[PDB]
Amino acid sequence: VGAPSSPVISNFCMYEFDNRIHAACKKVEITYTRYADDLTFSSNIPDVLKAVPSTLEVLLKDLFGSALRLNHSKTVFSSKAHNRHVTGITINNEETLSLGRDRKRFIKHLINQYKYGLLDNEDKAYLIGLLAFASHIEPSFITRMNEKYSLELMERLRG
Amino acid sequence: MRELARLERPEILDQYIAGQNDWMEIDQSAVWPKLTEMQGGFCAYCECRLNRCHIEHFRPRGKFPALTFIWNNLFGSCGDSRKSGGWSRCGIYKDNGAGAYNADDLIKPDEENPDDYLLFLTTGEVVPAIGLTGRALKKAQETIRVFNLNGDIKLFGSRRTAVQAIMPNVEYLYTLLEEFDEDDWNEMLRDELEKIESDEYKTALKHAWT
Amino acid sequence: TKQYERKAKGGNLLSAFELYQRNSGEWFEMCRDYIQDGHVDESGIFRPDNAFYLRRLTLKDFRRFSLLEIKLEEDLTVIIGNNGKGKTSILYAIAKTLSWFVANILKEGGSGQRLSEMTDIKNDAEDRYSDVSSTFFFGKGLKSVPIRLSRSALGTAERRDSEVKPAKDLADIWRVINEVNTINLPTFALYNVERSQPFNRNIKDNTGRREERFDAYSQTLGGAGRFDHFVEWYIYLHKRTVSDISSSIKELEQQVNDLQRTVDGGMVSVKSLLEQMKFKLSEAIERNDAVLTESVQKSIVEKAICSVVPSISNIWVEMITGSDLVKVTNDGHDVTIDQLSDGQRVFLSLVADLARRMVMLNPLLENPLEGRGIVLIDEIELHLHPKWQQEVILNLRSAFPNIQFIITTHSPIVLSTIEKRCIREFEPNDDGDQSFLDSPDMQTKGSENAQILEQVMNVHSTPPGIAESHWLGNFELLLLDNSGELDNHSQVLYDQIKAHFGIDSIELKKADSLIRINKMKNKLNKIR
RNA sequence: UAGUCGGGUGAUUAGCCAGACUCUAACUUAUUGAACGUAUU
Ligand SMILES: Nc1ncnc2c1ncn2[C@@H]1O[C@H](COP(=O)(O)OP(=O)(O)O)[C@@H](O)[C@H]1O
Ligand SMILES: [Mg+2]
Ligand SMILES: [Zn+2]
């Protein structure tokens with residue numbers, strides 16, 4: 001994983017896999033994406049995702065034999081009844097990307113500490129980095145923080 | 001089983017054609033409301049209450065691809081392969097469990113009256129009706145075999161239980177034949193048979209009452 | 001690290017523990033409070049803030065199963081099915097997984113049990129290895145503890161590794177925190193069909209001390225329990241309780257008071273005995289005056305046994321014959337344990353063993369039987385009369401409210417006392433490829449046993465292989481063939497029904513009913 | 001009922017309030033590498 005070429009080679013080795021499974025999923029209205037070793041499937045149709053694990057095992061065997069296998073312990077079903085996340089990003093029930101409630105509350109905690117000059121330099125730097133990421137995933141959160149904490153405080157922090 | 005009144009063809013079956021199109025393509029929520037009108041939220045073959053359910057081709061799609069988007073061939077059966085495996089009557093058993101069968105020698109409940117062929121004993125069994133010979137006997141015997149109308153213990157048990165629950169009310173009504181005059185008694189029997197349209201296993205309950 | 005500090009302050013147990021180990025107060029207390037904190041609910045039952053239970057199990061090419069997934073209930077899961085459906089296989093898989101927690105609570109880097117290379121791989125598995133994957137839950141701070149046991153078939157060149165480090169990490173927390181400051185520990189036990197042994201008091205084990213706290217983990221997942229260890233431990237408790245003079249003084253004071261009341265009631269014959277006991281009391285008081293934990297432990301276990309085991313009202317130790325004998329009051333009669341029926345003994349053994357282990361592992365709880373743990377019981381109805389089957393699950397759950405029970409049963413009577421959500425049922429014609437187990441359609445709790453037979457166990461309420469079981473059906477058909485009139489043939493069968501089942505039988509009443517109804521129907525037809 | 005989502009409050013990873021969701025069914029993860037966002041220039 002630590003070699004610079006390994007990402008490219010790994011994506012290439014999964015090219016045919018991706019082609020086949022993408023095509024198969026499209027026919028039954030399943031959305032498919034792959035982030036390295038993480039495979040994600042989603043649909044609005046009930047009782048269609050159940051077949052996907054079996055389909056995967058067959059395809060993996062066909063293309064790679066016994067070299068590449070599914071981690072059965074890491075196969076997870078979810079719905080709007082439960083928490084849904086994709087590569088660390090929470091998908092909320094309004095079908096929007098979110099950082100998740102807990103992370104947002106933690107950020108607010110750090111901002112409040114900064115407001116009273118309680119944040120050390122390390123934690124300050126940490127907060128700044130996290131806000132940049134938050135800006136990328138959930139820009140609306142930043143607007144809300146500006147409203148809650150004074151634009152001036154936040155600008156001072158991000159300076 | 002009930003004699004079913006098929007009425008009008010829904011609009012979506014006009015579009016799709018056999019050969020080119022597949023049953024995976026067509027929407028099923030379009031088709032249901034007319035079958036629910038036809039059948040009344042009850043199974044075509046066994047008369048259970050529908051909850052897990054599927055659209056059933058009376059002649060199957062593999063053997064008969066001509067009768068794939070044809071309104072006469074479609075029925076609301078109980079059981080659903082998509083949700084949970086191991087269902088053992090009606091649509092699912094006709095395919096998987098029942099072996100070879102001739103499709104011609106089965107009761108199609110839209111065309112034929114079942115009541116002439118089938119009898120429902122209050123001990124819970126379905127049997128051929130009294131005095132069938134040759135071909136009509138073969139249809140009655142094969143409808144029973146292929147839809148598994150006795151061999152499913154869940155169905156047999158549920159049907160017996162229901163009929164046995166009403167048999168106090170059957171014996172009590174027919175005693176009061178004597179004391180009541182005909183117009184009072186015939187109104188009562190009409191009123192009891194009014195109820196059992198809304199009930200599960202209605203043909204079995206009918207044979208108990210009449 | 002700053003990262004661990006953030007997670008720990010967020011309530012993550014493993015991060016808190018890592019910080020404690022590197023800096024070796026704050027973090028220790030976080031870990032200890034996570035394990036110990038709880039509350040007493042409205043019903044007066046202690047409830048830990050952080051529950052421990054098995055959430056999920058997956059079996060891949062294990063015995064009959066190609067790939068099977070089971071979601072378990074936090075409190076009670078009951079697995080049902082025909083013989084050879086793999087109910088016992090499921091419990092065995094779980095017990096082997098739990099062995100890794102027990103081994104590591106006892107000893108740093110201890111080894112749990114293994115899947116057999118001879119027997120546990122599915123016979124027609126193309127890939128010649130088996131996996132048992134489990135996920136455990138321990139409060140919101142530790143939502144997932146994944147374990148995998150793996151084994152390759154004998155003589156395969158490629159050997160598949162087990163993944164057990166998370167089990168070890170969690171077990172380490174329990175062991176290390178307990179070393180510094182005593183905490184309550186989880187109970188793990190398996191009771192398979194091997195629990196049905198003949199009793200021998202004569203055989204004693206002289207290995208380990210029975211009063212050592214970690215003796216509670218001794219052969220806990222071996223399947224039989226150690227009922228012999230219970231008896232030895234109970235006699236030990238008795239001897240210690242007799243020996244302390246204040247309880248003896250209190251007991252002697254009570255005996256003197258009872259005897260004084262008898263003498264005041266006109267029984268002059270017991271005056272000599274009263275004087276002797278008063279002297280003994282005075283002597284005991286004169287010897288140096290002083291609550292024994294051993295006395296309380298004894299009382300807890302006695303209560304548990306008497307509450308759960310219906311035929312047993314009392315249990316006590318005698319030494320007056322000159323050997324130590326445990327006696328019970330069974331159905332109003334004082335008997336030795338050896339005199340109990342096999343059914344009573346086996347059930348007593350289960351409850352006694354479990355209670356002993358819970359008392360030993362939960363010293364800080366007011367009621368030690370409200371401790372945490374996972375208990376597996378195979379064929380709960382083993383040797384039980386139907387009357388007992390109706391009140392076995394209720395009694396167990398009342399006595400051990402925070403244990404996760406995973407049970408197998410063939411009994412409709414047992415199922416009539418359990419909610420449908422707790423039941424996991426095999427598909428009728430499975431053959432080992434089914435992916436997920438499910439609950440039955442019918443609500444079982446409070447339902448009639450005949451209905452459960454037919455709707456859940458897939459068995460006729462009346463035996464189809466007996467001819468007499470069909471007579472009423474045949475009778476009805478004959479009646480309907482002859483337009484409702486008793487002909488010669490129908491009369492013969494009627495007489496057979498009467499002769500066989502009797503004049504007052506339900507079957508004959510049904511036949512009579514059929515006659516009456518059909519006669520009346522025919523009369524109506526003729527009027528028309 | 002429970003579990004989940006989270007707009008608000010709250011010297012604020014807690015607690016409390018409001019609104020919502022429910023295919024049998026999330027368990028928040030990993031760097032110095034790669035990519036992305038931010039800062040530097
Ligand atoms: N290694 C194996 N490969 C295939 N089938 C097996 C294997 N081991 C056991 N079996 C089968 O699995 C079943 C085991 O039954 P068991 O787990 O005791 O279930 P139950 O307790 O419900 O009767 C039997 O049907 C047996 O033939
Ligand atoms: Mg970096
Ligand atoms: Zn049906």
Side-chain angles (χ1 to χ4, degrees), chain A residues 1-11 35-38 40 42-50 73-96 98-119 123 125 127-142 144 147-149 158-159, chain B residues 82-84, chain C residues 3 5-12 15 55-56 69-74 135-138 140-146 166 420-421 423-425 435-441:
Chain A
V1 64
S5 54
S6 291
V8 175
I9 301 309
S10 62
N11 276 345
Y35 198 96
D37 57 317
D38 180 305
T40 311
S42 66
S43 181
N44 286 314
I45 306 172
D47 301 310
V48 302
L49 294 177
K50 293 158 57 163
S73 67
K74 303 294 286 174
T75 297
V76 181
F77 290 82
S78 189
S79 74
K80 285 185 70 217
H82 312 284
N83 173 254
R84 293 178 298 155
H85 61 268
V86 178
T87 48
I89 299 172
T90 303
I91 302 169
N92 67 13
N93 289 337
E94 292 171 288
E95 313 161 77
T96 316
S98 173
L99 298 160
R101 196 188 213 246
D102 294 331
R103 206 200 288 281
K104 286 182 272 201
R105 285 175 74 77
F106 180 47
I107 292 168
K108 290 186 302 166
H109 166 75
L110 291 174
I111 296 168
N112 196 249
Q113 292 294 96
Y114 176 73
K115 184 176 171 272
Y116 297 120
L118 299 169
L119 271 196
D123 287 307
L127 175 56
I128 289 163
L130 201 49
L131 285 171
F133 178 70
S135 89
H136 186 59
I137 302 305
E138 193 179 17
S140 63
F141 174 73
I142 302 298
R144 287 192 302 260
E147 214 293 331
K148 183 170 166 71
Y149 285 106
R158 284 140 83 64
Chain B
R82 292 178 301 266
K83 278 181 193 303
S84 53
Chain C
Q3 289 84 313
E5 278 172 23
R6 286 172 200 132
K7 286 272 166 197
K9 284 191 281 192
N12 187 282
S15 297
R55 294 164 71 121
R56 193 172 285 288
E69 190 210 37
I70 310 172
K71 174 277 203 179
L72 291 160
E73 297 299 319
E74 162 169 15
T135 306
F136 295 83
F137 178 87
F138 188 39
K140 294 199 294 191
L142 186 48
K143 296 183 183 172
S144 182
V145 182
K420 160 252 256 65
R421 67 174 182 75
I423 301 170
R424 299 295 177 277
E425 160 194 68
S435 68
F436 198 20
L437 301 175
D438 211 355
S439 69
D441 195 338

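Note on naming: letters A, B, ... go to the chains in the order of the sequence lines (proteins, then strands), and numbering restarts at 1 for each one. The analysis underlying the following values was restricted to heavy atoms, covering all of them including side chains, and did not include hydrogens, waters or symmetry mates.
- Residue-level contact check: A:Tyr149 touches the bases, meaning some heavy atom is under 4.0 Å from a base atom.
- D:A20 and D:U29 have their P atoms separated by 32 Å, with the value rounded to a whole Å.
- Side-chain N/O atoms of C:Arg6 include none lying less than 4.0 angstrom from OP1 or OP2 on D:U13.
- With the rule of ring centres under 5.5 Å apart and planes tilted under 30°, the neighbouring bases D:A26 and D:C27 are not scored as stacked.
- Using a 4.0 Å heavy-atom distance criterion, A:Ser6 is classed as making no nucleic acid contact.
- The furanose ring of D:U13 falls on the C2'-endo (south) side of the pseudorotation cycle, as its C1'-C2'-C3'-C4' torsion is below zero.
- Judged by atom type and distance alone, A:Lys108 reaches the base of D:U9 through a side-chain donor-acceptor pair under 3.5 Å.
- Heavy-atom distances to RNA chain D give each of A:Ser98 and C:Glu5 a nearest nucleotide, and the one nearer the 5′ end belongs to A:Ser98.
- Checked by distance alone, A:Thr87 brings no side-chain donor or acceptor within 3.5 Å of a matching partner on the base of D:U28.
- What separates CZ of A:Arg103 from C1' of D:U28 is a distance of 7 Å, to the nearest Å.
- What separates CD1 of A:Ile111 from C1' of D:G10 is a distance of 14 Å, to the nearest Å.
- For D:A25, the sign convention on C1'-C2'-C3'-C4' gives a south pucker, since the angle is negative.
- Considering only side-chain N and O atoms, A:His109 lies under 4.0 angstrom from the phosphate OP1 or OP2 of D:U13.
- Looking at every heavy atom in both residues, C:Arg56 comes nearest to C:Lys71 through NH1-CB, 3.7 Å.
- When the rule of centres under 5.5 Å and planes under 30° is applied to the neighbouring bases of D:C23 and D:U24, their six-membered rings do not qualify as stacked.
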> Taking protein heavy atoms under 4.0 Å as touching, what does nucleotides 31-41 of chain D look like 5' to 3' if B marks base contact, S marks sugar-phosphate-only contact and - marks none?
Replying inline: B-SS-SBS---
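- Taking 3.5 Å as the upper bound for both contacts, D:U4 pairs with D:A20 in Watson-Crick or G-U wobble fashion.
- In this model, the phosphate group of D:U29 is approached by a side-chain N or O of C:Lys7 to a distance below 4.0 Å at OP1 or OP2.
- Residues A:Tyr116 and A:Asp37 each lie close to RNA chain D; by heavy-atom proximity, the contact nearer the 5' end of the strand is made by A:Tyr116.
- North puckering is assigned to the sugar ring of D:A20, since its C1'-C2'-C3'-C4' angle is above zero.
- Residue A:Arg84 has no polar side-chain atom (N or O) positioned under 4.0 Å from OP1 or OP2 of D:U28.
- Under a cut-off of 6.0 angstrom, the local environment of CZ in B:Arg82 is sparse, with at most 12 non-hydrogen atoms contributed by other residues, nucleotides or ligands.
- Checked by atom type and distance alone, the side chain of A:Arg84 never pairs as donor or acceptor with a backbone atom of A:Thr90 at under 3.5 Å.
- A negative value of the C1'-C2'-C3'-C4' torsion places the sugar of D:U31 in the south (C2'-endo) family.
- Across the strands present, D:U29 finds no partner; the criterion is a Watson-Crick or G-U wobble pair with both atom distances under 3.5 angstrom.
- Residue A:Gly100 is classed as a sugar-phosphate contact, given heavy-atom separations below 4.0 Å to backbone atoms only.
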>> Output one letter per nucleotide in nucleotides 16-25 of chain D: B when a protein non-hydrogen atom lies under 4.0 Å from the base, S when only the sugar-phosphate is that close, - when neither is.
In response: BB---SSBBB
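- Nucleotide D:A20 is shown with an anti base, its glycosidic torsion being more than 90° from 0.
- Adjacent in the strand, D:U38 and D:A39 form a stacked pair, their six-membered rings being closer than 5.5 Å at the centres and less than 30 degrees apart in orientation.
- A negative value of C1'-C2'-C3'-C4' puts the sugar of D:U29 in the south, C2'-endo-like family.
- Look at D:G6: its glycosidic torsion is within 90° of 0, and that puts it in the syn range.
- A donor and an acceptor atom never sit less than 3.5 Å apart when one is taken from the side chain of A:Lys104 and the other from the base of D:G6.
- The gap from the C1' atom of D:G8 to that of D:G19 amounts to 11 Å, rounded to the nearest Å.
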